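Enquirer: Mind having a look at this structure? Questions to follow.
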Amino acid sequence: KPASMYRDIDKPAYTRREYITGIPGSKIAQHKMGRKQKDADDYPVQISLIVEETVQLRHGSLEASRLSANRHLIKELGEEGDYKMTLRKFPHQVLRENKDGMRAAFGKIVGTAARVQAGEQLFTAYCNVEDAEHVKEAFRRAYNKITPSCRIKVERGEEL
Amino acid sequence: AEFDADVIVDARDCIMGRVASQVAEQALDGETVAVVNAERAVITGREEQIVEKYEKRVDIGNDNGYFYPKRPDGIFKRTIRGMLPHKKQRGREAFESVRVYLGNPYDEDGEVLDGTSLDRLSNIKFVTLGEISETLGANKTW
Amino acid sequence: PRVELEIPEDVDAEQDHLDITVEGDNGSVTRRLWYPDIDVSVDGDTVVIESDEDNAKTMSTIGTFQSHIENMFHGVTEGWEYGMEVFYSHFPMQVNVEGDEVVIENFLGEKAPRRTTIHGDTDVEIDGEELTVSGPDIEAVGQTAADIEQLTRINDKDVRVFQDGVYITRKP
Amino acid sequence: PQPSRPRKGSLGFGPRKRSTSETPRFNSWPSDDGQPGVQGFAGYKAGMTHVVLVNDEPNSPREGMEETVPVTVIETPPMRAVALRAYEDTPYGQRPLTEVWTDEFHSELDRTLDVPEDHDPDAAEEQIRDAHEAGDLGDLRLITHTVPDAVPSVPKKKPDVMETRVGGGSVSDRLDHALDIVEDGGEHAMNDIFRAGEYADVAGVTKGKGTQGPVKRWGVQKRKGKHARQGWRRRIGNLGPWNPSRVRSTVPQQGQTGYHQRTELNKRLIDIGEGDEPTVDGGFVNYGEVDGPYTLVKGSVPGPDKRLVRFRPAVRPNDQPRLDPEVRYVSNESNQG
RNA sequence: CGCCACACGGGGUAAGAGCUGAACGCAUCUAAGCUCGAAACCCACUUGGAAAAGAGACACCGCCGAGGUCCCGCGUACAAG
RNA sequence: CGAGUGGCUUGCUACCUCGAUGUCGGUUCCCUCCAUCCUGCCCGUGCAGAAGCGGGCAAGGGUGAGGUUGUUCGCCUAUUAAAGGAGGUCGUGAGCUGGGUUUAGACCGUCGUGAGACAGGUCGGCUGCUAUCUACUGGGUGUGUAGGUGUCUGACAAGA
RNA sequence: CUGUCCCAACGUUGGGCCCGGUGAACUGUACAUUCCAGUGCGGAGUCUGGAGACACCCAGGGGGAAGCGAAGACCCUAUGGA
RNA sequence: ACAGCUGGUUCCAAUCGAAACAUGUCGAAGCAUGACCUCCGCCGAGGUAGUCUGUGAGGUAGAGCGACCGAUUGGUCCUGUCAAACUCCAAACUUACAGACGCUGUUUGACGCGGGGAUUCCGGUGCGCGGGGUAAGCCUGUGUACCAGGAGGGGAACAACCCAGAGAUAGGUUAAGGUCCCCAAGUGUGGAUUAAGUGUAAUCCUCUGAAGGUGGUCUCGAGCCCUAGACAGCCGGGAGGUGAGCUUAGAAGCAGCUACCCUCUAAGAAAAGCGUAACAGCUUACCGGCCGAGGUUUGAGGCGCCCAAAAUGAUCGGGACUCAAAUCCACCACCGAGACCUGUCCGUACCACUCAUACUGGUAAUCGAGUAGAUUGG
Ligand SMILES: COC(=O)C[C@](O)(CCCC(C)(C)O)C(=O)O[C@@H]1C(OC)=C[C@]23CCCN2CCc2cc4c(cc2[C@H]13)OCO4
Ligand SMILES: [Cl-]
Ligand SMILES: [Cl-]
Ligand SMILES: [Cl-]
Ligand SMILES: [Cl-]
Ligand SMILES: [Cl-]
Ligand SMILES: [Cl-]
Ligand SMILES: [Cl-]
Ligand SMILES: [K+]
Ligand SMILES: [Mg+2]
Ligand SMILES: [Mg+2]
Ligand SMILES: [Mg+2]
Ligand SMILES: [Mg+2]
Ligand SMILES: [Mg+2]
Ligand SMILES: [Mg+2]
Ligand SMILES: [Mg+2]
Ligand SMILES: [Mg+2]
Ligand SMILES: [Mg+2]
Ligand SMILES: [Mg+2]
Ligand SMILES: [Mg+2]
Ligand SMILES: [Mg+2]
Ligand SMILES: [Mg+2]
Ligand SMILES: [Mg+2]
Ligand SMILES: [Mg+2]
Ligand SMILES: [Mg+2]
Ligand SMILES: [Mg+2]
Ligand SMILES: [Mg+2]
Ligand SMILES: [Mg+2]
Ligand SMILES: [Mg+2]
Ligand SMILES: [Mg+2]
Ligand code: NA
Ligand code: NA
Ligand code: NA
Ligand code: NA
Ligand code: NA
Ligand code: NA
Ligand code: NA
Ligand code: NA
Ligand code: NA
Ligand code: NA
Ligand code: NA
Ligand code: NA
Ligand code: NA
Ligand code: NA
Ligand code: NA
Ligand code: NA
Ligand code: NA
Ligand code: NA
Ligand code: NA
Ligand code: NA
Ligand code: NA
Ligand code: NA
Ligand code: NA
Ligand code: NA
Ligand code: NA
Ligand SMILES: [Sr+2]
Ligand SMILES: [Sr+2]
Ligand SMILES: [Sr+2]
Ligand SMILES: [Sr+2]
Ligand SMILES: [Sr+2]
Ligand SMILES: [Sr+2]
Ligand SMILES: [Sr+2]
Ligand SMILES: [Sr+2]
Ligand SMILES: [Sr+2]
Ligand SMILES: [Sr+2]
Ligand SMILES: [Sr+2]
Ligand SMILES: [Sr+2]
Ligand SMILES: [Sr+2]
Ligand SMILES: [Sr+2]
Ligand SMILES: [Sr+2]
Ligand SMILES: [Sr+2]
Ligand SMILES: [Sr+2]
Ligand SMILES: [Sr+2]
Ligand SMILES: [Sr+2]
Ligand SMILES: [Sr+2]
Ligand SMILES: [Sr+2]
Ligand SMILES: [Sr+2]
Ligand SMILES: [Sr+2]
Ligand SMILES: [Sr+2]
Ligand SMILES: [Sr+2]
Ligand SMILES: [Sr+2]
Ligand SMILES: [Sr+2]
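Residue numbers (the entry's author numbering), protein chains in the order written: chain H, 4 to 102, 114 to 174; chain J, 4 to 145; chain E, 1 to 172; chain B, 1 to 337.
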């Protein structure tokens, strides 16, 4: 199904699992990547992926953008490299689909999406100075797999 | 044939639509206008898109017809007609008292109207009316 | 901006409207240099290329006009020479200058002669396997040279195996 | 998905209406090459016979062998170039300037024209030369007529007047060549313009068929099978789609067929002669007997017998001229039988 | 169902191949400029076209007479015209 | 995974017409679109050549005959440069056809107590009208330009 | 076996066309020379913008007037009928 | 015959002016009762469409959750997220009553009460907030204004978008919108951007244009380098110990492993990239010369470009427009309604005089559009 059906915040917040049954599991395998034993303050460089438009990003898009981002970091910095990436948004919004015409139209549960407001950090990676251009490329691949245009903003790093 | 014109306009190196707008205004005020050197009249912009518009106007038509002129003689005359209510009595009289010419059939030199002239030293993206007509397929008789 | 170009002693150049004529011992070259708000004039012993605007587009052309005039200076004195070599593998290629055009016969076994016309006052001299395209106008010489290489263009078959043709050896 | 098929008939010979002049009018003339000369002639269609000929084509496997070729016999007696018209280059195209006429006229030319009694051939010639000096002279053409009186099979005596161009050398030399033809009496023959073996373009006004339906006029199908018995035999399916809500002029409809001007290209002149050599036994059907100046055109020619056909040197030939073909035999067998 | 005829070539382009060339000393097919380059576009060729309201041009004849219509014998024409 | 374009399929809606805008398929005749099957010119190649594969420009022309089936679709055969797709009220019944859908007769299967039913199958089963306007194909009569004969010009127009 | 087809042709008779005589009907809110686009209750000769368009008449085959003919037989609705 | 269904129902004018909703109904194409419209009689001094303040009511937006609740990460306290049916918090705002100001009423009697007559119970659209649905010129709520039943001006045309609510006639000035022509008013002024005909399209079924990309161009900021010569280009040098060692038939910058050391010097790696079976060969680092002025890295903004395919004839309404007739920032002067101002007249209401509802005089900034319907004079 296209994202055109779910990308906008046009419906109420539908998260309450005590009233909703049959919710498909999240396709997101990991949320804490790289070296999850080390601290975020132990790194000199902190670069985040900032979403420019207020959207709803599905669990399938989150997994696709996370996979294409972390796979590049595993390719360039190694499987046990000196970095740590975080996906801070979780898919709370439960999604429906009306799949009888418009009669009894309340749709059955088909998926989950993450409500991300404009200006928010979806991804945040902490790396060293020499690995900074490899992570900007991981985010360049990650923004092509989500709905809005994005900013790759450097938060802690006057090393240029 | 003779045409006793009150005003004789020199279209040479002048922006067509601007001359046309003034010639229309004057014809409705009762003036007998004669546009001269229309082959040398100018129209600004990228040649490729200008010719594309004029080529489409030639290709457009059906049984009822869309008679679009290829010569600079008629192109300027049509440009003037679009600025005149030619279907109405007053408008037709104004239009019929305006004639466009290839070259200058008169002894008098035409007057260059204000704001119409184009400085060639300041512009490169423009076309001569005759250049449009040659591309349209008209026989160069000027 | 304003760029002044000192004219060589061998050369003397006149100008009318937008056209600049440059005469010398190797010939005469006339070129049209037209661009918005760029005035090219002859101030006795120097050629002046000036404009009131300093934008990227105007600057691009001022520098192009400079190189064109400096090339015309070189053309009417030392001239422009492009050297070419004719290579053949199986079929003996007959390159000859028949009139105001250079004809190539029996290329790759063809019965029909391939021919291109020489641009302007450009001279094509052939000494067996070597050809030298020469003249005052770089535009005319550069093209006539290129036209000869392009004349033996092959699109249908592999260029790596069928390498026959006249190629540019020396660029001035 | 319903098979494709080219449209019925050509749209380039329209509108399919009756011709204004029965005398054909060329819309194009040959290019100026060698020596000056009149760019055309005219005759009267006689009928058809066949000729046994020797193959002239150097690229044919049959070069030198006997080949039977169909031929249209056209009676081509001498014509009279009674005047020289000159055109000037105006910003509105070519406009006629002046005409230089003669004194010697044919006895029965007054059946068509109001023959000149008072004319100044010198002031006219002067006006044309002042225009040549000014660089305003366009082309030079001759006012020419036929002598149907010389043809016994054609009922008319009233001459067919037509304009013919003079092309060739320089504008100065062809002005002089033109004035020489005129000032004598205007008499010129087919030989003066054409040589046997050259390619000519024959123009003619076709055989009139009055009003005919789409099947004959445009070559549309007749209704097939079951559709042929329902009340519709020779009528087209529809006059067009629902939209556009009008009948397009491109749809095959009824009307005038025939009596249109056609200019048949690249016709080989097999022989140009004089006498009764191509005449058929019992005479040409609906025409008569030929005993005078003739031309033998390869194949068919537009128009019926007795009609005025026009000649012009081919403006677009495909083959190179193979002059004076060897005529082994000309059939004189009756066209009845 | 038989027979005859129905180009080539020019001009300007697309994709593309290039020349000269700067911004940006170099480089660069392009930004200005230029050489090429499609069955495609324009011309060439055929057909119509003085009702093109700027309603056209030329030559001769004529204004007490040029010419046309009717009439008559007929078709290279034609449903009336 | 993300972003779109189209308006050929399907679905949704119930805005328009129930004092009726004749339903599928086919046929015949005309115009068009390009997302190009062939043909022209090109770029790449895992481009030696030959034959291909992929891509670009391009709608001038072409894209055909047949066997089953009412079929559209599709399967199949032999040819072919190729035998492209789509829009025009799913173009076209005051043009045709009437094989299918979908009246009234009848049979079979299934369902029903029954009348009778079926988004099952099957045999049979109708096609109205003299064109007022408009549109176009061809043909005339007048008026305008402003006496006559003959010859032309060429704004435009059509072509594959 | 053959014109059902390829693929159409020519001919025959009666019409059709012109003339004398006889002489209806269907249909008609008005206006009306239209065409291309647009707009509008989303399927316009009449609205908007342009284009084209001198008037009248003859013959034609029927593209359009969502043509004429029949208060839709389908479908639903009616505290309708049989 | 009956029908809750379709059609039709004939003269003028003046005042007021809806409902397309609620409850019940074999009810949903209909009725009844309310709401709402109108008319009459009664009552007799208050009333409350706006605002402010005071005394109260509330849990929506937002926010947050070691504040409940239930969702929802990882690590050896820290770290990552959420809620229509969660709340430790919490608006704007809506709302009860009262006072004050405002407005209104006491001859135009308001507020209220009683009675007669209805019409109406298919609604629609814009905006705000919604719920369903991929969406819809979808379905279904809610507040509001409008169309319906609303003219006139503008918007190309176009119920509901903008101005505007309108007796007649007349003069004037503006509103929306517009001032190159068609077309009334500017080819207005100062300045900048754009080269695509971008654009000349407020809103929209209607006006598309996206993710992604862009040394197209303009503008602004930051760091670093530079006349002790920067960036680039071109010339010259790119040397020895030694062809490092290990590995290996061999490997000598450059198959692999490890080391990666010092001379000469102005530089020159235990070699950055090709190249060879291995050498050789070509250049990179680094140094010097020629040259001579800015250069280089990164950030932000403006307009444009690519992305961008459809059917009879292209389009901003058309013509056409390029230091604009585009776009952005300012500014100047005009054109332009029935609005507003103004003269006269008419109707209606009320006041004075009157028997009069006949004259006459006066008041209306706070009267003048209208479908269904009520009322009244002709
Ligand atoms: C169910 O199909 C039918 O009933 C066909 C017919 O009955 C045909 C009537 C033909 C007449 C008698 C009017 O000549 C009819 O009235 O059709 C309507 C009809 O009659 C005018 C036209 C309709 C109305 C919308 C357009 N459509 C075209 C024809 C049609 C075809 C249909 C259709 C409806 C229509 C309607 O159902 C599916 O197939
Ligand atoms: Cl047309
Ligand atoms: Cl008008
Ligand atoms: Cl320019
Ligand atoms: Cl048929
Ligand atoms: Cl009001
Ligand atoms: Cl434009
Ligand atoms: Cl009254
Ligand atoms: K209907
Ligand atoms: Mg090959
Ligand atoms: Mg015979
Ligand atoms: Mg015989
Ligand atoms: Mg119909
Ligand atoms: Mg394409
Ligand atoms: Mg086509
Ligand atoms: Mg259909
Ligand atoms: Mg039809
Ligand atoms: Mg029918
Ligand atoms: Mg009929
Ligand atoms: Mg059957
Ligand atoms: Mg059946
Ligand atoms: Mg009915
Ligand atoms: Mg029924
Ligand atoms: Mg019953
Ligand atoms: Mg009344
Ligand atoms: Mg009254
Ligand atoms: Mg919230
Ligand atoms: Mg209403
Ligand atoms: Mg004005
Ligand atoms: Mg545009
Ligand atoms: Na159901
Ligand atoms: Na233009
Ligand atoms: Na046209
Ligand atoms: Na019949
Ligand atoms: Na139809
Ligand atoms: Na060409
Ligand atoms: Na779409
Ligand atoms: Na059909
Ligand atoms: Na094509
Ligand atoms: Na089949
Ligand atoms: Na239909
Ligand atoms: Na039928
Ligand atoms: Na049908
Ligand atoms: Na038969
Ligand atoms: Na019709
Ligand atoms: Na009843
Ligand atoms: Na009800
Ligand atoms: Na009811
Ligand atoms: Na009060
Ligand atoms: Na909110
Ligand atoms: Na209701
Ligand atoms: Na209102
Ligand atoms: Na309006
Ligand atoms: Na535009
Ligand atoms: Na009323
Ligand atoms: Sr919603
Ligand atoms: Sr994106
Ligand atoms: Sr003016
Ligand atoms: Sr002629
Ligand atoms: Sr012609
Ligand atoms: Sr029949
Ligand atoms: Sr229509
Ligand atoms: Sr190019
Ligand atoms: Sr005339
Ligand atoms: Sr295209
Ligand atoms: Sr191809
Ligand atoms: Sr189908
Ligand atoms: Sr199938
Ligand atoms: Sr079709
Ligand atoms: Sr079936
Ligand atoms: Sr069935
Ligand atoms: Sr049947
Ligand atoms: Sr008149
Ligand atoms: Sr008929
Ligand atoms: Sr009935
Ligand atoms: Sr509320
Ligand atoms: Sr201005
Ligand atoms: Sr300005
Ligand atoms: Sr629409
Ligand atoms: Sr973009
Ligand atoms: Sr009133
Ligand atoms: Sr009123």
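Every residue, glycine too, gets a C-beta built ideally from N, C-alpha and C.
1) Does any residue of chain E have a CB that is nearer than 9 Å to the CB of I53(J)?
2) Pull up the distance between the alpha-carbon of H227(B) and that of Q256(B), whole angstroms please.
3) Apply the 10 Å Cβ neighbour rule to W101(B) and answer buried if 16 or more other Cβ atoms are within range, or exposed otherwise.
4) Excluding sequence positions up to five away, which residues of its chain have a Cβ less than 8 Å from the Cβ of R234(B)?
5) Are there three or more Cβ pairs, one per stretch, closer than 8 Å when the segment 121-128 of chain H is compared with the segment 56-64 of chain H?
6) Please list the residues of the segment 24-36 of chain E that have a C-beta atom closer than 7 Å to any C-beta atom in chain J, keeping them in chain order.
7) Spell out a yes or no on whether the segment 66-74 of chain E and the segment 4-15 of chain E are touching, meaning 3 or more CB-CB pairs, one atom from each, closer than 8 Å.
8) Of the residues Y259(B), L53(B), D149(B) and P96(B), which one's Cα is nearest the Cα of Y329(B)?
9) Is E147(H) buried or exposed, if buried means 16 or more other CB atoms sit within 10 Å of its CB?
10) So which residues of chain B does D66(J) contact, with C-beta pairs closer than 8 Å?
11) Under a three-way DSSP split, which group does residue 338(B) fall into?
12) For the alpha helix (DSSP H) containing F98(J), list its first residue and its last residue.
13) Just curious, the beta strand (DSSP E) that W101(B) is in, first and last residue?
14) How many Å lie between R84(J) and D32(J) at the Cα?
15) Work out the CA separation of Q253(B) and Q230(B) for me, nearest whole Å.
16) Quick one: list the residues of chain E neighbouring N126(J), beta-carbon separation under 8 Å, in chain order.
17) What ranges does the beta strand (DSSP E) occupy inside the segment 14-50 of chain B, keeping only unbroken runs of at least 3 residues that lie completely in it?
18) What is the rounded straight-line gap between the Cα of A178(B) and the Cα of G303(B)?
19) Please report the residue range of the alpha helix (DSSP H) in which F73(E) lies.
20) Between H227(B) and ligand 5, is there a pair consisting of the residue's CB and a ligand heavy atom that are separated by less than 8 Å?
21) Are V26(J) and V115(J) closer than 9 Å when you measure CB to CB?
22) Check the Cβ-Cβ distances between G167(B) and every residue of chain J, and say whether any is below 9 Å.
Expert: In terms of the structure at hand:
1) Counting from one through the second sequence, the residue named residue 53(J) turns up at place 50. No, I53(J) does not count as interfacial toward chain E.
2) One-based indexing of the fourth sequence puts residue 227(B) at position 227. One-based indexing of the fourth sequence puts residue 256(B) at position 256. One C-alpha to the other measures close to 26 Å.
3) Here residue 101(B) is taken as the residue at index 101 of the fourth sequence, counted from 1. Buried, by the Cβ-count rule.
4) Mapped onto the fourth sequence, residue 234(B) falls at position 234. Excluding residues within five positions, the ones whose Cβ falls inside 8 Å are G213, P214, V215, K222 and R223.
5) Cβ pair count under 8 Å is three or more, so yes.
6) Here the close residues are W34, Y35 and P36.
7) Segments in contact, yes.
8) Within the fourth sequence, the letter at position 329 stands for residue 329(B). Checking every option, the nearest Cα to that of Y329(B) belongs to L53(B).
9) If you number the first sequence from 1, residue 147(H) lands on position 133. With fewer than 16 other beta carbons inside 10 angstroms of its own, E147(H) counts as exposed.
10) Here the question's residue 66(J) lines up with position 63 in the second sequence. Within 8 Å Cβ-Cβ: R246, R248 and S249.
11) Because chain B here runs from 1 to 337, residue 338(B) falls outside it and cannot be looked at.
12) Within the second sequence, the letter at position 95 stands for residue 98(J). Here the alpha helix (DSSP H) through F98(J) covers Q92 to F98.
13) Here residue 101(B) is taken as the residue at index 101 of the fourth sequence, counted from 1. Counting along the chain, the unbroken beta strand (DSSP E) around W101(B) starts and ends at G93 to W101.
14) Counting from 1 along the second sequence, the entry for residue 84(J) is found at position 81. Counting from 1 along the second sequence, the entry for residue 32(J) is found at position 29. Taking C-alpha positions only, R84(J) is separated from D32(J) by approximately 15 Å.
15) Position 230 of the fourth sequence, counted from the first residue, corresponds to residue 230(B). Position 253 of the fourth sequence, counted from the first residue, corresponds to residue 253(B). The alpha-carbon of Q230(B) is positioned some 20 Å away from that of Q253(B).
16) As a first step, residue 126(J) is located in the second sequence; it is residue number 123 there, counting from the start. Within 8 Å Cβ-Cβ: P36.
17) Scanning the segment 14-50 of chain B from its first residue to its last, no whole beta strand (DSSP E) run of 3-plus residues comes out.
18) Walking along the fourth sequence from the start, residue 178(B) turns up at place 178. Walking along the fourth sequence from the start, residue 303(B) turns up at place 303. Straight-line spacing of the CA atoms in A178(B) and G303(B) works out to 30 Å.
19) Here residue 73(E) is taken as the residue at index 73 of the third sequence, counted from 1. Counting along the chain, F73(E) sits inside the alpha helix (DSSP H) bounded by residues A56 to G75.
20) Stepping through the fourth sequence from its first residue, residue 227(B) is reached at position 227. Yes.
21) The residue given as residue 26(J) occupies position 23 in the second sequence. The residue given as residue 115(J) occupies position 112 in the second sequence. Taking 9 Å as the Cβ cut-off, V26(J) and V115(J) do not qualify as a contacting pair.
22) Along the fourth sequence, one-based indexing puts residue 167(B) at 167. No, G167(B) does not count as interfacial toward chain J.
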